[PDB]
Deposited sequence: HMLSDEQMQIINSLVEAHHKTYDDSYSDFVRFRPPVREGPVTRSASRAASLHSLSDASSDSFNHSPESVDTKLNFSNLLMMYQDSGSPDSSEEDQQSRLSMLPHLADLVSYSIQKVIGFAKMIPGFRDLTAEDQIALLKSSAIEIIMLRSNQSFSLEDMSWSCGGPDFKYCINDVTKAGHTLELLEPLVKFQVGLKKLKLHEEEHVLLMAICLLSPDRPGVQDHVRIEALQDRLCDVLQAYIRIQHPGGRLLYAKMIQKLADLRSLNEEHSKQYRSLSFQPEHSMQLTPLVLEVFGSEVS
């Protein structure tokens, strides 16, 4: 790796730490969990909260801040769900096949999540994704990169400068490819695995989108969402 490459790693890693609370102390302020879509209020707040973190992370990816305010929104609106599926993995436990966040109230089985309006059609591959990914036992360096790589994809509906964003993503893909080669022993086939994950996040992105429209369309359900969720997941161009 070179200095410029490394600087990007230290940059992404610090951005992640600044936007990811390992104490999950902020969950106590979401509308309480309830075990008729009883888990929607809590999860809609968990997700709304997460989006705020993804935006905070994105603003620190080197170069992103220099994109057009419109490109920033375009990349964000379309890759937000994917970044949240990626960052959530840092709390997914293969043991109890759930997301453990500080305490028991903040531990969500495939059961809890069902009461949020989502079906197995999403929950099924979602967990599968979490397991396969959890198994790659990536480093924080690689973990944070994969997020920046996914967020800086030029193949998103809305992207104007789909050529510069093409550069950035590449400048990142290298740092990752390189690191995995130098700093990750036994990871001689990792890169290919990771990139394969960014492709699975596409089918998941799609699924959530349809399932989201279904719920979103019902006001007795959308009135449960947050102004930020509605806007980022809304289709207003």
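Q: Which parts of the deposited sequence have no C-alpha atoms in the model?
A: Since the structure holds only modelled residues, the stretches it omits are 1-2, 38-97, 300.
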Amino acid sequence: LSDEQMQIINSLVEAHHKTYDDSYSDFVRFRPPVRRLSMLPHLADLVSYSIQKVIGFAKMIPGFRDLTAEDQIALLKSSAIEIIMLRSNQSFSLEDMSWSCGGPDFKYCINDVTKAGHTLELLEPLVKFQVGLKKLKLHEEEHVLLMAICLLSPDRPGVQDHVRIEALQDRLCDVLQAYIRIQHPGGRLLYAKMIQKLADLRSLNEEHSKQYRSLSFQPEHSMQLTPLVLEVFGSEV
From here on, numbers count along this sequence of modelled residues.
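Take the two forms, superpose them, and find the largest set of C-alpha atoms that agree within 1.5 Å; that set is the rigid core.
Q: Say the other structures are aligned on the rigid core; which stretch then has the higher CA RMS in 7 other deposited structures of this protein, 138-146 or 100-108?
A: Looking at 138-146 versus 100-108 in 7 other deposited structures of this protein, the farther one turns out to be 100-108.
Q: Comparing 143-151 with 106-114, which stretch shows the greater average C-alpha B-factor in the deposited entry?
A: Between 106-114 and 143-151, it is 106-114 that shows the higher mean C-alpha B-factor.
Q: Looking only at CA atoms, which has the higher mean B factor in the entry: 156-164 or 71-79?
A: Comparing averages over the C-alpha atoms only gives 156-164.
Q: Which listed residue, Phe57, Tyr212, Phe30, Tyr191, has the largest C-alpha temperature factor in the record?
A: Max CA B-factor in the entry, restricted to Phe57, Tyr212, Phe30, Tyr191: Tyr191.
Q: When you compare the CA B-factors of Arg171, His42, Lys53, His208 as listed in the entry, which one comes out on top?
A: When the deposited C-alpha B-factors of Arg171, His42, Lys53, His208 are compared, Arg171 is largest.
Q: Where does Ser38 sit by CA temperature factor within its chain: lowest, middle or highest third?
A: Middle third by C-alpha B-factor.
Q: Taking the C-alpha B-factors as the PDB entry records them, is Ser98 in the lowest, middle or highest third of its chain?
A: Answer is highest: the recorded C-alpha B-factor places it there.
Q: Could you look up the Cα B-factor of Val175 in the entry and say which third of the chain it sits in: lowest, middle or highest?
A: Its C-alpha B-factor belongs to the highest third of this chain's values.
Q: What third of its chain, lowest, middle or highest, does the C-alpha temperature factor of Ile61 fall into?
A: Ranked within chain, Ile61 CA B lands in the middle tercile.
Q: Test of reading the entry: by CA B factor among the chain's modelled residues, which third contains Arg87?
A: For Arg87, whose C-alpha B-factor we compare with every modelled residue in the chain, the answer is the lowest third.
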